[PDB]
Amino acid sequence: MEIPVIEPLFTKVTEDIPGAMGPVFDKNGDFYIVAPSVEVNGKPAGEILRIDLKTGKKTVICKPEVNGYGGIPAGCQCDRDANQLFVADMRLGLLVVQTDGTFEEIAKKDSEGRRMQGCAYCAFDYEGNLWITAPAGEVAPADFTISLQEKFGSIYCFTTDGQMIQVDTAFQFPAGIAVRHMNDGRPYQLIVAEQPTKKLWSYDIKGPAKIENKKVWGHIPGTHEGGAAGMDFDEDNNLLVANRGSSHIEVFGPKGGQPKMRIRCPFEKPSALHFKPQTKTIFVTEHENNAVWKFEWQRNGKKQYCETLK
C-alpha cells in the first residue's frame, strides 16, 4: 500500500519570525511563539512573542539573557497551576517565563552535577513532570554546539519536586517530544523524535523521571535532509509529526509504526506544531518563510497539561 495523503487548507497567521518555533497557548487562550534565530551584533538574542490572532501583530514578551549571554528560546509549554510558560532554551537550558516578561533560569546543572545542556522541545505529562529534549551541548558560557552529527543529545525530566534529571543521552539531535497517556490519565509512553535518523523513539513511563523499555516507535518517511521536528497528539492519541524538509506532517496511530496518513504542507520545512485548545485547529511554524500557519485537523487535540484540572 501507499500512505494516504490529504491536502487541507493552510492559512498564514503571522510572518517574519526568525526560526519560528514554540507555538503555545496560555491559560487565557493567548498565543505565543518563539524566534530562536534573532541575533544582534552576530550574537544570540532570541525572543518570546505574543501574537494577536486577529491582526497578526507581534509583541515581544521576553528577550531572555543571563550574565550577558542571550537565549535561544525554542519550545514552550504552559503550566497548569499558574499562567506561566516553561521554555526550552538552547543556550540557557530551561526557563520559566511570566506574561510580564520576568523570567528565571531553572538549572545551571542537573541532578548529578553535570552542566546543563541547551534544550529544544518539552512536554508536560498529566502528573506535572516536564520531559525535555536537549540537542545542544552545554549551556552558556560554553560555545553553542548541536548534535547534528555527534550523539551527545540528551533527554531530561524536570520533576514536580524540582529535580532536573538527565534520563537518557547519546541522541543525534533529539527534537520533538510528547507523552502518550492512558484513558484514565496515567502517563504511558514518552515519544522522542531523533531528527536526522528518521526515527521516533518511545519509552514506557514508570513514574517521575523513570523511563524503561526504550525502542524504536515509528519510522519517518524520506531521505531528505531533516526528519521529525515538533509533534503533538490529537484526542485519539494519533501523533502528528512535523517532518522538516519533506513538505509533510506525518500522522501516526497510537501504537506507532509507519505513518497511517500524511498531510501535505504548502512549504518544505514544518518545524513545530500545537493544537489550539478545545479545537481541531493546528498551528504550524515553518522555517522556509519564518511564518506561522494554521489548518483544520479531523478532530480536537489532546488536552495539554495546562487544560487539565486537579
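Start at 1 and count along the sequence shown; that's the residue number.
Comparing 41-49 with 248-256, the stretch with the higher mean C-alpha B-factor in the PDB entry is 41-49. Judged by mean Cα B factor in the deposited record, 100-108 ranks above the other of 82-90 and 100-108. Based on the entry's C-alpha B-factors, the most elevated value among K269, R262, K54, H274 belongs to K54. For the set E235, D125, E138, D184, the PDB entry puts the maximum C-alpha B factor at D184.
Annotation for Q149: C-alpha temperature factor in the highest third relative to the rest of the modelled chain, per the entry.
For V34, the recorded CA temperature factor ranks within the middle third of the chain's modelled residues. When all modelled residues of the chain are sorted by CA temperature factor, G113 is found within the highest third. For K215, the recorded CA temperature factor ranks within the highest third of the chain's modelled residues. Ranked against the other modelled residues of its chain, the C-alpha B-factor of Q189 as given in the entry falls in the lowest third.
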